[PDB]
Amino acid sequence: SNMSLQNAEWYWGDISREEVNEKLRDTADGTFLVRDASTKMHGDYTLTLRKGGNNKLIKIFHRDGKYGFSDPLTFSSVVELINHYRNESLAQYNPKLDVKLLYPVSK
C-alpha cells in the first residue's frame, strides 16, 4: 500500500542523463532506473532502461493524476507503473522494447 516514489530505490531524483549513463555502463539488458525529467515539468519523470546494450529513454507522463508511457494514462502512481512492467514486456509500445524492468539500479 506504500506507493511512494521516494520509497523506491530505483528512483534517483535530480541526477543527470550522464549520471544515468554511468550507472548503466556495461549493464545487462533489463537494467533500469528512474530520474526526474530534464525539463522539470508537470511532475514528469524519465525511465531509462538497458536494451541491446544501449540506454533507452522513456518519458513517464503525468496528467490529471495518472501516469503512463503513452496516452491513455492508466496508472495511479509511478510505482504502480514500474511494478507493472517488472513482469510485462514493454513491446506493445514499441517492438524494439521487448524487455522487462528486471534489475533496478538502487540508490
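Heads up: residue numbers just count along the shown sequence, starting at 1.
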Q) Per the entry, where is the mean C-alpha temperature factor higher: 76-84 or 35-43? A) 35-43
(Q) Can you tell me whether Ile15 has a C-alpha B-factor in the lowest, middle or highest third compared with the other modelled residues of the same chain? (A) highest
Q: Can you work out whether the C-alpha temperature factor of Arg63 puts it in the lowest, middle or highest third of the chain?
A: highest
Q) In terms of the CA temperature factor given in the entry, to which third of its chain does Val105 belong: lowest, middle or highest? A) middle
Q: For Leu90, return the chain-relative third of its C-alpha B-factor as stated in the PDB record: lowest, middle or highest.
A: lowest
